[PDB]
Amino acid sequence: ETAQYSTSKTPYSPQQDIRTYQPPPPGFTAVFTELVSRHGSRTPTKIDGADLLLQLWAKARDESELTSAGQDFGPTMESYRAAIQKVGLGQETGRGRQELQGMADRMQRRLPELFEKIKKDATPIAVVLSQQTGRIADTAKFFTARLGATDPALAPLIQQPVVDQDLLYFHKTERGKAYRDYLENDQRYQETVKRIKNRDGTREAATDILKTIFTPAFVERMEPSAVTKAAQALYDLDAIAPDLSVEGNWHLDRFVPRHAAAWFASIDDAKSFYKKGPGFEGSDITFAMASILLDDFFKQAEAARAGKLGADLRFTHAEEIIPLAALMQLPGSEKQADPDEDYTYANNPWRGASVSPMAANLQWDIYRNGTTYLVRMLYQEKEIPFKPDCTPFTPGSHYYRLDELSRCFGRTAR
């Protein structure tokens, strides 16, 4: 566990040791692999919350309304702010680099026979991006540079990156138009978000957060709206602090009680569940747009039978991984909400931390024996089954015939 209450800011950790994956059936050897990964751990995209808190802190300091621990909040947040600005807002941290390096390491150690075959055949390793610059391009570079550092003979086969916004940025392209209209205009969705936001408990959690730093009287002198906003800002900065573990340790949990973090995490997860995840029973508005990416996993696997491509490496955002997982009914995303019963941690398994942590990723390994192609799926590098109407190669197996997967996803008849 890299973090307990950070939802989709949770830093990455592989969820299985590669030595415990099921081995491929006898005579099957790796011939293709393909990946889609969110960027690694990053800084906040905005600094305004840090300045809001630093301005509030300076006022309480001047009024002599700081707690004992609150004395150190100013220096702590100034230091944290400076580290964020030195990395750059919305940019990859040193932990994010380490995350992608680790994923590259385990891919090469998991499929040594594939990378030998790729060098034998001179087949390319494609690299595909959601956008041309930023944390996305750096994420890909962390991964591909590690592949080439471990195996310099692989480096000339790794292709220069290309951008495919329909494939890896669909929530912001034309594919996402109906989805965005739904968010803006659907009354049931708007009512549900409002209900989540108005859950009783935020005011108490917010005051519990501010009271680590400020006297109760200072907190009561604030406008309630300002209490909510400052507490949210501090929860957010505490939530993402683990992403910056390489840059420092600011012990921001001093200022966010655990019960308050748990509350704010449950609010974030509920909102994201409806905005981006499985959503309401019977509706695919939040994730049908991801069909192009599921399509592509199939398209590239079938192409690999044609011997063209060695591996396909794709890099994108949570806003692509989350809907892909709901569309595929991956573990954690298989349960849509009854409209008469709002999402809660008790009635639904969906969590940002497990569905879409930083460097959230899905991988398919394709193995061949004669004319038979088997697929094994890794999710956060845990070996997982496909949805239950897909039949494994043998009972209990995590390997699936590629033509069985095409059938059970409706691409073919049999």
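When you see a residue number, it is the position in the sequence shown, counting from 1.
Residue range whose averaged C-alpha B-factor is higher in the record, 23 to 31 or 373 to 381: Mean B over CA atoms: larger for 23 to 31.
For the stretches 173 to 181 and 268 to 276, which has the higher mean C-alpha B-factor as given in the deposited record? Looking at the recorded C-alpha B-factors, 173 to 181 comes out higher on average.
Among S245, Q190, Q91, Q329, where is the Cα temperature factor highest, going by the PDB entry? Going by the entry's C-alpha B-factors, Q190 comes out highest.
Given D72, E320, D342, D295, the residue at which the Cα B factor reaches its maximum: In this record, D342 carries the highest C-alpha B-factor of the candidates.
Where the record places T316 (Cα B-factor, split into thirds across the chain): It belongs to the lowest third of the chain when residues are ordered by C-alpha B-factor.
Rank-wise, by C-alpha B-factor, drop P257 into the lowest, middle or highest third of its chain. Middle third of the chain for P257's C-alpha B-factor.
Considering only modelled residues of the same chain, in which third does the CA B-factor of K229 rank: lowest, middle or highest? Top third by C-alpha B-factor.
Among all modelled residues of this chain, ranked by Cα B factor, put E334 in the bottom, middle or top third, i.e. lowest, middle or highest. It belongs to the middle third of the chain when residues are ordered by C-alpha B-factor.
Ranked C-alpha temperature factor of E281 among modelled chain residues, by third: Tercile = highest for this residue's CA B-factor.
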